Amino acid sequence: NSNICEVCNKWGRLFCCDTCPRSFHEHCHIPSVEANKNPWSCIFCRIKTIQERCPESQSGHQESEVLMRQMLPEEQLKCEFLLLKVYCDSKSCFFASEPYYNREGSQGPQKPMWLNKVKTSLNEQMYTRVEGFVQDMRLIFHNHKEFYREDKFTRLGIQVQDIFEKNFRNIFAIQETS
Ligand SMILES: [Zn+2]
Ligand SMILES: [Zn+2]
Ligand SMILES: [Zn+2]
């Protein structure tokens with residue numbers, strides 16, 4: 001097993017996957033690492049199994065169809081994984097916790113959003129469709145773009161949104177386009 005957390009790349013109190021060499025801090029894994037269960041399989045392994053059980057799940061999909069899916073167990077898992085993929089980028093630190101807004105010449109967003117709030121929402125099963133989760137994710141970056149205007153700090157929102165969107169297309173097998 002790896003000697004660092006797959007998500008935050010630090011050592012500490014780690015839980016090891018039994019089916020692959022990844023390791024996790026308790027609350028870096030999503031969902032939080034389960035109390036018992038021997039053997040234990042991580043989210044990367046659980047996502048791989050879905051694909052292996054239904055190879056055709058990797059054929060291309062339209063985003064509009066994906067968004068309307070109900071949050072059944074397999075779509076819940078895919079959203080948890082997509083969330084985890086964003087936390088895997090160190091630039092996710094800027095979007096993790098509750099923001100505040102007091103900048104000359106800007107007003108804060110009408111509906112603030114941050115990664116830990118989406119994490120809790122997923123944990124508490126507050127999304128009924130994929131669209132709910134993806135809307136809150138995109139809102140994080142859109143709020144940041146609007147607030148920071150022409151400050152070059154806006155680019156952090158662009159950068160982390162690109163990680164989100166690449167992973168969204170991969171995890172949900174969105175049809176490749178030009
Ligand atoms: Zn970690
Ligand atoms: Zn694993
Ligand atoms: Zn099948």
Side-chain angles (χ1 to χ4, degrees), residues 4-10 12 24-33 43-44 47 60-178:
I4 55 169
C5 184
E6 188 78 1
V7 180
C8 78
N9 302 106
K10 296 292 189 290
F24 304 80
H25 295 97
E26 175 170 16
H27 297 322
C28 281
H29 199 270
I30 306 178
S32 299
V33 174
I43 193 160
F44 292 79
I47 292 285
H61 300 80
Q62 294 303 105
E63 175 173 314
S64 58
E65 176 266 323
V66 169
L67 298 185
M68 289 315 305
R69 296 182 191 167
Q70 292 177 23
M71 288 283 251
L72 294 178
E74 296 194 335
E75 304 309 295
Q76 176 79 28
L77 191 77
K78 283 179 178 207
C79 291
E80 294 163 345
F81 186 52
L82 175 47
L83 181 53
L84 173 137
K85 285 291 184 140
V86 170
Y87 280 97
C88 288
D89 194 284
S90 59
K91 295 156 174 285
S92 72
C93 68
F94 298 112
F95 299 109
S97 78
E98 190 175 359
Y100 68 87
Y101 299 96
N102 193 2
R103 179 192 196 245
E104 185 182 323
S106 294
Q107 276 296 329
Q110 303 291 307
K111 184 174 166 191
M113 194 46 63
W114 56 100
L115 298 164
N116 297 341
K117 189 179 175 62
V118 175
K119 185 176 287 192
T120 294
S121 295
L122 272 178
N123 179 242
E124 292 176 8
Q125 296 159 313
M126 300 289 299
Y127 301 113
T128 58
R129 285 171 202 275
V130 174
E131 183 171 55
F133 165 80
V134 175
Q135 287 166 342
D136 284 349
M137 297 293 286
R138 288 173 171 166
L139 183 58
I140 296 175
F141 316 115
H142 190 257
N143 284 350
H144 178 101
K145 288 168 110 162
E146 296 301 287
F147 185 72
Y148 290 108
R149 303 288 196 121
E150 309 301 291
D151 194 299
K152 71 194 172 164
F153 192 58
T154 64
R155 177 165 177 257
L156 272 298
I158 293 162
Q159 288 171 324
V160 179
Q161 190 161 7
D162 198 41
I163 296 300
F164 171 74
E165 291 298 346
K166 280 180 194 278
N167 285 278
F168 172 72
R169 293 190 304 267
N170 176 264
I171 290 165
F172 287 93
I174 298 295
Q175 174 57 52
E176 285 276 305
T177 54
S178 49

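We're numbering straight along the sequence, starting at 1. Heavy atoms only: backbone and side chains are in, while hydrogens, waters and symmetry mates are out.
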Can you name the ring-ring contact (aromatic ring centres under 6.0 Å, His included) partners of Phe141, sequence neighbours left out? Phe95

Could I get the full list of side-chain hydrogen bond (donor to acceptor under 3.5 Å, both in side chains) partners for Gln70, not counting sequence neighbours? none

Would you say the side-chain atoms of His25 pair up with the backbone N or O of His27, donor to acceptor, closer than 3.5 Å? no

Spell out, as yes or no, whether a donor-acceptor pair under 3.5 Å connects the side chain of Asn143 to the backbone of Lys111. yes

Shortest non-hydrogen separation from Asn9 to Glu6 and the atoms involved: ND2-O, 4.1 Å

Residues passing the salt bridge (charged side-chain N to carboxylate O under 4.0 Å, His left out) test with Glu131, sequence neighbours excluded, are none

Residues in ring-ring contact (aromatic ring centres under 6.0 Å, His included) contact with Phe164, at least two apart in sequence or another chain: none

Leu115 side, atom CG; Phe94 side, atom CZ - distance, nearest 0.5 Å: 12.5 Å

Distance (rounded to the nearest 0.5 Å) between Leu83 CG and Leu122 CG: 6.0 Å

Check for a donor-acceptor pair, side chain of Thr120 on one end and backbone N or O of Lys117 on the other, with a separation under 3.5 Å. no

Quick check: closest heavy atoms across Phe172 and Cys79, and the distance to 0.1 Å? CZ-SG, 4.0 Å

What I'd like to find out is whether the side chain of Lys119 reaches to under 4.5 Å of the side chain of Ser121, using heavy atoms alone. no

By side-chain hydrogen bond (donor to acceptor under 3.5 Å, both in side chains), which residues pair with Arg138, not counting sequence neighbours? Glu63, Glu165

Minimum heavy-atom distance between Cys5 and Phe24, given as atom pair plus value: SG-CA, 4.0 Å

Taking salt bridge (charged side-chain N to carboxylate O under 4.0 Å, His left out) as the cut-off, I'd like each qualifying pair that reaches into residues 92-103, sequence neighbours left out, listed once. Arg103-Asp151

If you count heavy atoms of other groups shown closer than 6.0 angstrom to NE2 of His61, is the number above 12? yes

For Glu74, all residues meeting salt bridge (charged side-chain N to carboxylate O under 4.0 Å, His left out), sequence neighbours excluded: none

Please identify each residue that fulfils salt bridge (charged side-chain N to carboxylate O under 4.0 Å, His left out) with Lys10, with sequence neighbours left out. none

For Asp136, all residues meeting side-chain hydrogen bond (donor to acceptor under 3.5 Å, both in side chains), sequence neighbours excluded: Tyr127

Working to the nearest 0.5 Å, report the span between CE of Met71 and CG of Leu77. 10.5 Å

Those residues at least two apart in sequence (or on a different chain) that pass salt bridge (charged side-chain N to carboxylate O under 4.0 Å, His left out) with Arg149 are none

So, using ring-ring contact (aromatic ring centres under 6.0 Å, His included) as the criterion, who are the partners of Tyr87 when residues are at least two apart? none

Least distance between heavy atoms, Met113 atom then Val118 atom: SD-CG2, 3.8 Å

Can you name the residues that form a ring-ring contact (aromatic ring centres under 6.0 Å, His included) with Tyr148, not counting sequence neighbours? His144, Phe153

For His29 and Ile43, which heavy atoms make the closest approach, and how far apart are they? NE2-N, 3.0 Å

Looking only at non-hydrogen atoms, find the nearest pair between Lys145 and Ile158 and report the distance. CE-CG1, 4.2 Å

